[PDB]
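For reference, the chain that follows is the form solved without its partner chain, supplied as structure tokens.
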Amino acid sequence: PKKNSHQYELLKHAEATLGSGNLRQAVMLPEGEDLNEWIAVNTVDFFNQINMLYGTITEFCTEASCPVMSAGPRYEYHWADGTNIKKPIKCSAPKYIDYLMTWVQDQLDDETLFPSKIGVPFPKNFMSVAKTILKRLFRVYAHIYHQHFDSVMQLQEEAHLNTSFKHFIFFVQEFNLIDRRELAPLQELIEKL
């Protein structure tokens, strides 16, 4: 793995403090930290977790299994930005997740949005940019839960997915990063946590 900077302690700080079991406290802004930097650091880690979580069930999610992006039959997702695609496009769950993951990555590699220099302020619209990222990442949990959960449990990956989702939901709730409207696919699960 990666071996051995402020955002990086912030990350290892966030990961380690989760081990107290009390996720509501662990997700809170540490004393005197930049709110944007805290959100940015956790947003990246969430992208990485959800990227590897989906990567474990990748072989069961196919154009044949999932002809549309679904969180149950009550919710379907079509891809748009818009920059390259401004009108939402019906596509498969693997293709859609590709577009979403490539797009999240593209924003993470954008130094105007996520400055890698430690003294450069985050943009004024950063808060809006991060809310859009996390809102779409949630739909990757949503599709895995509603469709590929048998595969998640066939692999030993249930606790991984559950702990990461709990962490994700508590973080999103603490900072007001996602509306009820968007969390409705996982409603019953979010109430139980």
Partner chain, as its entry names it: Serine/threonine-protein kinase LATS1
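Residue numbers count along the first chain shown, from 1. Here the rigid core means the biggest group of C-alpha atoms that line up within 1.5 Å when the two forms are laid on top of each other. Only residues modelled in both forms are compared.
The following text describes the form deposited with its partner chain bound, which does not appear among the structures shown.
Residue contact check for residue 67: none of its heavy atoms lie within 4.5 Å of its partner chain in the deposited complex. At the 4.5 Å threshold, heavy atoms of residue 125 stay clear of its partner chain in the deposited complex, well away from it. In the deposited complex, at least one heavy atom of residue 44 sits within 4.5 Å of its partner chain. At the 4.5 Å threshold, heavy atoms of residue 116 reach its partner chain in the deposited complex. Shown without its partner, the chain has 25, 26, 30, 31, 32, 33, 34, 37, 38 in segment 23-39 as residues with a non-hydrogen atom within 4.5 angstroms of its partner chain in the deposited complex. Of the residues 169, 177, 14, 183, just one CA atom moves 2 angstroms or more between this form and the one not shown under rigid-core superposition; it belongs to 14. Relative to this form, the distance between the C-alpha atoms of residue 14 and residue 115 is increased by at least 3 angstroms in the deposited complex.
Between residue 45 and residue 18, the C-alpha separation grows by 3 Å or more in the deposited complex, relative to the conformation displayed.
Core-superposed comparison between this form and the one not shown places the runs of three or more consecutive residues whose CA atoms all shift by 2 angstroms or more at 1-4, 9-20, listed in sequence order.
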